[PDB]
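Q: Before anything else, here's the structure in question.
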Amino acid sequence: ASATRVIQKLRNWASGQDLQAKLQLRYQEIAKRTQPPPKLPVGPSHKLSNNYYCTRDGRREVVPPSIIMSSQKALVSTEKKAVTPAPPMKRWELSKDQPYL
Amino acid sequence: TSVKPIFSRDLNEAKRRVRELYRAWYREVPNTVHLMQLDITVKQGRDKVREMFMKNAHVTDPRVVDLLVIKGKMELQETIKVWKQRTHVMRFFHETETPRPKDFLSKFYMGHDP
Amino acid sequence: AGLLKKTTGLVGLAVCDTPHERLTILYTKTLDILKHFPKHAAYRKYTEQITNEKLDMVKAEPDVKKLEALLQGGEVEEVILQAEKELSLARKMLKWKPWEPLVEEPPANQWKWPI
Amino acid sequence: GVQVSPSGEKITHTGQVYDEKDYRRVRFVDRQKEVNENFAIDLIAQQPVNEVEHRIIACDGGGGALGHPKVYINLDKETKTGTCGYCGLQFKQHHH
Amino acid sequence: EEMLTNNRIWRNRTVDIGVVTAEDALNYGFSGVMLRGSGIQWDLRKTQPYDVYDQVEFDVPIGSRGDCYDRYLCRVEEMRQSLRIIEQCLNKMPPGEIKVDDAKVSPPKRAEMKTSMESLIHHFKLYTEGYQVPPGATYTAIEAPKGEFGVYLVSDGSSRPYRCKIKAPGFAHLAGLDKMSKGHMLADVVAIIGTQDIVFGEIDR
Amino acid sequence: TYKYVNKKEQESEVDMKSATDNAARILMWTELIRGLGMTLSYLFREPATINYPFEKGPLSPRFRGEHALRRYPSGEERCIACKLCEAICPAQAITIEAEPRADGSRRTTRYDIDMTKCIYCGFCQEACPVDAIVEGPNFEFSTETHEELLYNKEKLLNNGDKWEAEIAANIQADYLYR
Amino acid sequence: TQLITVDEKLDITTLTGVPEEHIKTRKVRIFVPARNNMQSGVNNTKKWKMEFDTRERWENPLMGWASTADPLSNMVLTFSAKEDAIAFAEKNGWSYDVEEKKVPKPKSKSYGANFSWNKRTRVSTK
Amino acid sequence: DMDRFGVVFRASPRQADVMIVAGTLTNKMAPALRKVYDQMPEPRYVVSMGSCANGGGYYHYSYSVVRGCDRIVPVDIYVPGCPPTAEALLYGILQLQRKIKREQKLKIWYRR
Amino acid sequence: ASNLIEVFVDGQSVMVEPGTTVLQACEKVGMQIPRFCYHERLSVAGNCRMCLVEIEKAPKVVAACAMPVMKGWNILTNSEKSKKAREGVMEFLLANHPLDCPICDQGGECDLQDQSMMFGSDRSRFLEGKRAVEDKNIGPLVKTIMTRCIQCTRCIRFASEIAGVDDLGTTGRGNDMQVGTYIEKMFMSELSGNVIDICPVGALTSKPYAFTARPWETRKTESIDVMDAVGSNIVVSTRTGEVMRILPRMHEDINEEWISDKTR
Amino acid sequence: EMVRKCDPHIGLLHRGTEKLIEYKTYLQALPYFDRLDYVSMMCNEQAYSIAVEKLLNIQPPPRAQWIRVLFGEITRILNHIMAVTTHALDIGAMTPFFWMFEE
Amino acid sequence: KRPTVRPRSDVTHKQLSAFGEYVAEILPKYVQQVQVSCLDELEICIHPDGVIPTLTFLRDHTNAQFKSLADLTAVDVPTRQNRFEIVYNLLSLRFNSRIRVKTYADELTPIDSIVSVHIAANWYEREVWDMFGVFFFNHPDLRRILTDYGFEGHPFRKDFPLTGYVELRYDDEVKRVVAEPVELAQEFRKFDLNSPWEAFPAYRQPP
Ligand SMILES: CCCCCCCCCCCCCCCCCC(=O)OC[C@H](COP(=O)(O)OCCN)OC(=O)CCCCCCCCCCCCCCCCC
Ligand code: SF4
Ligand code: SF4
Ligand code: SF4
Ligand code: SF4
Ligand code: SF4
Ligand code: FES
Ligand SMILES: [Zn+2]
């Protein structure tokens, strides 16, 4: 900003852009260093009723993996259809703003 | 008592491989004391080769022998090529490791170690 | 008609000016080789399903682009690549013979987790 | 306070100092031994007893979330004085 | 970009250099830009999303010639799309808490630790022992700026992992160097080391 | 979605004007003159260089640098030898030995930190339930000797007695966000 | 590639880079860790452990920390059974002294015994 | 700005005057580090940057880390941090400048 | 056949002698039910009510520490009712418990901590003021801090049934029930330091071992005692080449869980 | 100067991270993922956290996820800056390094 | 619906289970103990004689196009007689799905390489060899990858000490970097942290 209406013109022409509106330096356009105190919120599990950890325990809804074709034990394993691990990934669509840079 | 063999179906073929490896090392030692500018003779190197070979003379399973030969060929590659410097080669000689005595009484005088 | 596309997007993947013919060739070859398999082999049945399905798709649609969209395999060159891959796999499986009992069962607790 | 030993080395608040015959004092030759001259025991002793009219008082230290966990102290024994376990503040039942 | 993109020297250094075919890339195990510059449509932020991705719009830059130039362009445009994403993350950021409201995984706040017994216990335990993790094994991968960064994490019913391998994008990228360098010179090999975005803290680790 | 970066090129149409423009670009070095102009523009801009050690780089209260053991305003030490700090220190840099102080309180005799092992992670000050161990703002504590970087209870206590005026204010600022 | 007749005891020492010292002069201990009497939990008395002999620990003159020349000072391995641990030890060439597992004996317990007419189970502390 | 102080990164050890050990030093890399240092011409100084270089740091108890670069080369100044703020590394550079301010070599030669 | 009876634990069946309790059966199938007052060598007392389980097709919950097992009973250890009973009992135990974990020598080896983390809730809805109790002084070996007593009566039952002193009891009633003696009296027997081991909540602690370490630091070496000729089995806890304490082991034939003060 | 074979010899910066981690807890092991790729830190923390959360069967809250995405993209920008500029340096162009490191 | 727990969909479970049945009945000669997890992940365990056939089928087959080798690991479990659990994590871009294949090995029981299938496995198998001691067959250049040039041992084996057996320094006498037995100023402190109370009753091991 210290520039003087001539160096600014010169460098804006040399670069081809309006740099004075977009500066690499921070002149008082930044949040202060001394902010007020906050009042953080609390999550949903801060109630005093209908809050039993036995309901909201996900760490214990886990279960050992389901077993197919276990040979050494049970669950060993018209004709069926050829199956996939998942349906084929769809084809993407090119953007509508800048698809051809 | 029945297992899968890695390369050798018996100890004699493993011994053939071990001998091939000994020949390779015995032939290489001079080239690497020349190249690496080691400050030892050619006899010390071959004595060290023989000692490292005898270090595992007690083995009888051909699979352990095959894996030892694989490791030895890996090292011989690292050495034929200069991927390893004189530092790693002289690591074998332990020029600084104070040699712990095998005398029960000295081991008794210095420390509680058996 | 829809001219041979100027180029795919994948690098090293050349355009095929005879896509409908290459596909028929490869699928008919795959079928002809799947006969040497035992009929109870699941590889044979499944691969016959897939190949006849895609072959009928090819015979039903000459439009390369509608075929692409009807075949869910990307470009028609990726499909040809996968056809020849499946053919080579059919050969290799004829050689390996996986349609046989389990070669060896595991020791007692090899897949027990935790332990 | 910071008392010295026959060798001149200062005794820390832990009671630690090297013996005159200890070789480990060369590290302090041409250098110094860093001690903390503000012994917390003497300081917390210099503080007075806070009287109270309730038999059970709490202590968070000070500043709330800037102190220590809130503990409750019984003050029945009129001869003794209740001391927080985190801080060393003393409390006494005013009316006994 | 003005310094580099349309400069004939940068082009002569990064064009037709370090070429990778799509199938060779897949096989060698590339990921990210090393995969897109060759023309492969793949991004773990649109496929297999792992966070509010799928709530934030952005475009994937794709190359045609799998050369150092197309990858450089992909990276520039990924930076631009990162700006596009940051704009949305700023404008739509929800109120609420920041860590799971389950004090057996995420420690409780200080003011609650210093007045609540349960929270103090949980803090003490999370910070001395930790949280027990039910047994199992995952392979989670994200679209790190280098590529697919993944971790195979095996757990007993303990507070410590039994095995944690890091899958680093750069291991396979560097393994592919001998191939990508075939028919090239030293300076080209430098350019190729660069176009892979190589960092060795993840490769050697 | 996706976009192309170098496929924009379409079928070739060429005129005399286009040919002459490309020729001038190839003969007069147009595109390079623009990089020259950019570098020129940067010459007439203000450099981002600060004049260290007189004017210094910004920081935030949360900055975690040098460690210090604090006290209560009475002068009593905040540490109670609970040992969470060394139980979590992922570098195993902390070392503690406790003993009943003569007055009966629970206090330490040893509290050592190998600042060559600390990764400056902050886990110790978020584990301390009494806000005793902190990671102060000071980062200008380099030495000429490795031994100087092995802090004990007295060193950390002196640092606390040296920076309290700053540590306390930064805490007062940041302690609502925790 | 058919099978082979080895007919000997396994030995892996030569493939583990373990020095002669820490194979010949090491006595492993195999045991089920004993319950900690400060707690009534019995979940760490299930898996068999392998622990090595303790060696010297000398204060460091500078600070006063504990030093060692024992790499295996903190080696602990976890096994599901005793034979597995014995096999691992034999394999790696170590010497072991095993310690059987201590299970508490089942105990008769009755809340009425606390209230009896003629026996000494009669308690005076309700 | 380093050059502001006269500092310039030269890539050849035969032209350098100081080496900043900026990160972890493995056993596979220590020979090369000692070789490079040896190849630097006296007067040569060394600066340990970070906690990995000073005492191994977060990887102190690893099988592939030297617990301090001061085992392989002699160190003039230790810069702590993980990582050290660039401001701190500059503080260390200037500390080195002062240490050099206090070499007093020719006075010693004249006193001999 | 020999008077055994079939019983289930979440379906799994097990045959148990008559008089066997729910707790012993759940153990016989590898399940350990929470506890604060049952100790396997002391008279039963249904005080903590932390052992509560529900029985299939039964309205209320029974104390597994004291209820004998009946034929065909199915015991639901991990059902909603059991979980909620445990959570409630934890709320109640921790309501008046002091925030002392970082000055409590029992930290890291506290049954209350682990049972709160494994069976209880992670929050406090207590918005009131706790209580406090003036600490006793029963001797130079056992340190008493009775704001942390959960009134489990183990100390009392041990002193009476195993040591044979009958000097400990409960003074008062209600929430102001003060375990301990009514008068100043040193509780110096030769089996006194075991009350430390059976007090789960650090109210009773070793004055020697006070503050000196934490359980995770210690390395535990299994050894034996020599002060006597009984051969008591012990664990020797060490911390950086230094003996920190002596802690007993289990040997049903010698020293089931006890050792003399001279030994520890 | 024509290259006929490249033999990358990695391992000069192996540290045993994957073993120390076994010797640590999960939180106590998190910083390794920052120290792994040291120009895209937050992404590694994010992968680790996501894996641990999967194993725990918990869901981080919305605001935390949005912050994770914000800083993940900021790290993408950091890493692409570093990549492009070191690329240029190793090729000859040196000024972009200085222009973008101020950012 | 609950905000802390993780949303769970059974559709992916079903998809992966059906594909697991597919693989099991199309490769019976090798497949053992297919299984799927609470988190949606497919795990196919096999006999090591089936490595190359399984991986080639999963790469080349049409309904299975796992042609990107993400990772290749090992896992030391000293308990079982075959310690090393070799893992092959794979990815299908055509189906946006992953899969994991596992085998088992031993100190003296090598397996076959898959560089003929996935060239990405050269360095990963070198890493497995350097870290655990598993030897692979028909590998072009099987040497060390991460360890020092004269390093003895396989450090990721649970039986290998975290700090190793040797330690490096510089000796003016010889003017070289030398390797001496380990000796520490502070010994690593082993913390026993496992709680003695069962934490997850769904994984309880019956006696
Ligand atoms: C009737 C008329 C009769 C008289 C007959 C003459 C008629 C006029 C003819 C005018 C001809 C134009 C002047 C000739 C000079 C330019 C030569 C040239 O064009 O070389 C171009 C060369 C190739 O560029 P490239 O894009 O890679 O194309 C490759 C081909 N496919 O690339 C280059 O050579 C340029 C790249 C060089 C890069 C190095 C850095 C350059 C720095 C630029 C500084 C500019 C400042 C000039 C200062 C001059 C002051 C002395
Ligand atoms: S900041 Fe982290 S590494 Fe440093 S002392 Fe504290 S807990 Fe340890
Ligand atoms: S966490 Fe705080 S109170 Fe506890 S030992 Fe460490 S410094 Fe002391
Ligand atoms: S930032 Fe930390 S981990 Fe990285 S090299 Fe520096 S000290 Fe080591
Ligand atoms: S003092 Fe301890 S053992 Fe005695 S009743 Fe209270 S908690 Fe139980
Ligand atoms: S008894 Fe347990 S819960 Fe109570 S203060 Fe002591 S450690 Fe904490
Ligand atoms: S264990 Fe049953 S009431 Fe205490
Ligand atoms: Zn207080």
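To match Swiss-Prot, the residue numbers of chain I are left as they are there, and the shown ones run 28-291.
Quick reminder: no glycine exception, Cβ is built from N, Cα and C everywhere.
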Q: Quick one: which of I:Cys92, I:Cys128 does Swiss-Prot put in the [2Fe-2S] cluster site with I:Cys64, I:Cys75, I:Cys78?
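A: Matched candidate out of I:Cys92, I:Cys128, per Swiss-Prot for [2Fe-2S] cluster with I:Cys64, I:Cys75, I:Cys78: I:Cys92.
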Q: With I:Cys176, I:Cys179, I:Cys182 listed by Swiss-Prot as [4Fe-4S] cluster 2-binding, which of these, I:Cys137, I:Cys226, is given for the same site?
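A: The candidate from I:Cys137, I:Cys226 that Swiss-Prot ties to [4Fe-4S] cluster 2 along with I:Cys176, I:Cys179, I:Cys182 is I:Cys226.
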Q: Suppose the [2Fe-2S] cluster site is I:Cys64, I:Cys75, I:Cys78, I:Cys92. Which further residues of the same chain have a Cβ inside 8 angstroms of that site's Cβ centroid?
A: I:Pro61, I:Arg62, I:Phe63, I:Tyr65, I:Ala72, I:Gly73, I:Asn74, I:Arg76, I:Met77, I:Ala90, I:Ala91, I:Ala93, I:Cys179
Q: Would you mind listing, in sequence order, any of the recorded positions I:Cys64, I:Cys75, I:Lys84, I:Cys92, I:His124, I:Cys128 that have a CB less than 8 A from a CB of chain E?
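A: The answer, in sequence order, is I:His124, I:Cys128.
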Q: For I:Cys182 ([4Fe-4S] cluster 2 binding site), write down the residues of its own chain that are at least 6 apart in sequence and whose Cβ falls under 8 Å from its Cβ; none is a fine answer.
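A: The answer is I:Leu195, I:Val206, I:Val222, I:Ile225, I:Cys226, I:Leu231.
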Q: Only counting partners 6 or more residues apart, tell me which same-chain residues put their Cβ under 8 Å from the Cβ of I:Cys75 ([2Fe-2S] cluster binding site).
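A: Listed in sequence order, they are I:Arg62, I:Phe63, I:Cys64, I:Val116, I:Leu120, I:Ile177, I:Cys179.
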Q: Please work out the number of neighbouring Cβ atoms within 10 Å of the Cβ of I:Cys64 ([2Fe-2S] cluster binding site), leaving out its own Cβ.
A: 23
Q: Which residues does I:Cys78 ([2Fe-2S] cluster binding site) neighbour through Cβ under 8 Å, counting only same-chain ones at least six apart?
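A: Correct list: I:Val49, I:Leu50, I:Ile60, I:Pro61, I:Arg62, I:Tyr65, I:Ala90, I:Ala91, I:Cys92.
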Q: Ligand 7: which of the binding-site residues I:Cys64, I:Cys78, I:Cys92, I:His124 have a Cβ closer than 6 angstroms to it?
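A: So the answer is I:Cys64, I:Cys78, I:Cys92.
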Q: Judged by the number of other CB atoms within 10 angstroms, which among I:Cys176, I:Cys179 is the least packed of the binding-site residues?
A: I:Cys176
Q: Please identify, among the recorded positions I:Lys84, I:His124, I:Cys128, I:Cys137, the one with the smallest Cα-Cα distance to I:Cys176 ([4Fe-4S] cluster 2 binding site).
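A: The smallest Cα gap between I:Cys176 ([4Fe-4S] cluster 2 binding site) and any of the recorded positions is with I:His124.
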Q: Using a 10 Å radius around each Cβ and all protein chains in view, which of these recorded positions has the most neighbours: I:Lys84, I:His124?
A: I:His124
Q: Taking only the recorded positions I:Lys84, I:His124, I:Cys128, I:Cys131, I:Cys137, which have a CB closer than 6 angstroms to any atom that belongs to ligand 5?
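A: By the Cβ criterion, which requires under 6 Å to ligand 5, there are no hits.
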Q: Are there any residues in the same chain, six or more apart in sequence, whose C-beta is under 8 angstroms from the C-beta of I:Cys137 ([4Fe-4S] cluster 1 binding site), and if so which?
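A: Once residues fewer than 6 apart are set aside, I:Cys137 ([4Fe-4S] cluster 1 binding site) is near I:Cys128, I:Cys131, I:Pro227, I:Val228, I:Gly229.
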Q: For ligand 6, pick out the recorded positions I:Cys64, I:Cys75, I:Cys78, I:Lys84, I:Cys92, I:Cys182 that have a CB under 6 angstroms away from one of its atoms.
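A: The ones that qualify number zero, so the answer is none.
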Q: Which entry in the list of binding-site residues, I:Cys92, I:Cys128, I:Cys131, has its Cβ near the fewest other Cβ atoms, using 10 Å as the limit?
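A: Lowest Cβ count within 10 Å among the binding-site residues (I:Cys92, I:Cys128, I:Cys131) is I:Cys131.
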